[PDB]
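Every chain is numbered from 1, with letters handed out A, B, ... down the list of sequences. Atoms considered below: every heavy atom in the structure, side chains included; atoms not considered: hydrogens, waters and symmetry mates.
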Number of protein chains: 2
Amino acid sequence: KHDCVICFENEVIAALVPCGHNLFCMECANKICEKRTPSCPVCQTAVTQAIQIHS
Amino acid sequence: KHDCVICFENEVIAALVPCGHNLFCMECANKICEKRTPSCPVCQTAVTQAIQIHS
Ligand SMILES: [Zn+2]
Ligand SMILES: [Zn+2]
Ligand SMILES: [Zn+2]
Ligand SMILES: [Zn+2]
């Protein structure tokens with residue numbers, strides 16, 4: 001429950017659109033979204049939104 | 001290992017946007033988007049795209 005690759009504190013629950021990388025908690029994903037130039041920190045693809053993943 | 005909830009034949013690979021339901025193979029998710037009133041079969045939310053999820 002500590003597997004977010006950004007903060008390593010929260011649980012992974014979010015994926016970025018459209019690259020689909022599912023490696024982030026929602027707080028870190030939201031922070032990615034309101035950067036000046038939102039982009040995936042892993043693959044650098046531009047980010048248009050973050051979604052919570054439901055499996 | 002998870003089975004697509006539509007066909008129960010292929011692995012789960014894709015999620016719908018924006019509801020984030022991650023329960024579909026890419027073929028079944030593509031079929032969802034290509035319909036004329038696209039909506040998630042699980043929660044009935046309108047679907048604006050389907051993406052492959054990378055975990
Ligand atoms: Zn985080
Ligand atoms: Zn990415
Ligand atoms: Zn399927
Ligand atoms: Zn849904």
Apply side-chain contact (heavy atoms from CB on, under 4.5 Å) to the pair B/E11 and B/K1, showing each step before the final yes or no. CA-CA 7 Å; B/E11 265 135 29; B/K1 182 160 304 308; 3.3 Å; yes
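- Residue A/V12 belongs to no hydrophobic cluster, having no ILVMFWY side-chain heavy atom closer than 4.5 Å to its own.
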Donor-acceptor pairs under 3.5 angstrom involving side-chain atoms of residues 15-41 of chain B: please list them, not counting sequence neighbours.
from  : atom 1 : to    : atom 2 : distance (Å)
B/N22 : ND2    : A/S55 : OG     : 3.4
B/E27 : OE1    : B/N10 : ND2    : 3.2

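- Hydrophobic clustering (ILVMFWY, side-chain heavy atoms < 4.5 Å, transitive): B/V5 and B/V47 are in one cluster.
- Atom CD1 in B/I53 sits 10.5 Å away from atom CD1 in B/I13 (nearest 0.5 Å).
- One finds the CG atom of B/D3 at 9.5 Å from the CD atom of B/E9 (value rounded to the nearest 0.5 Å).
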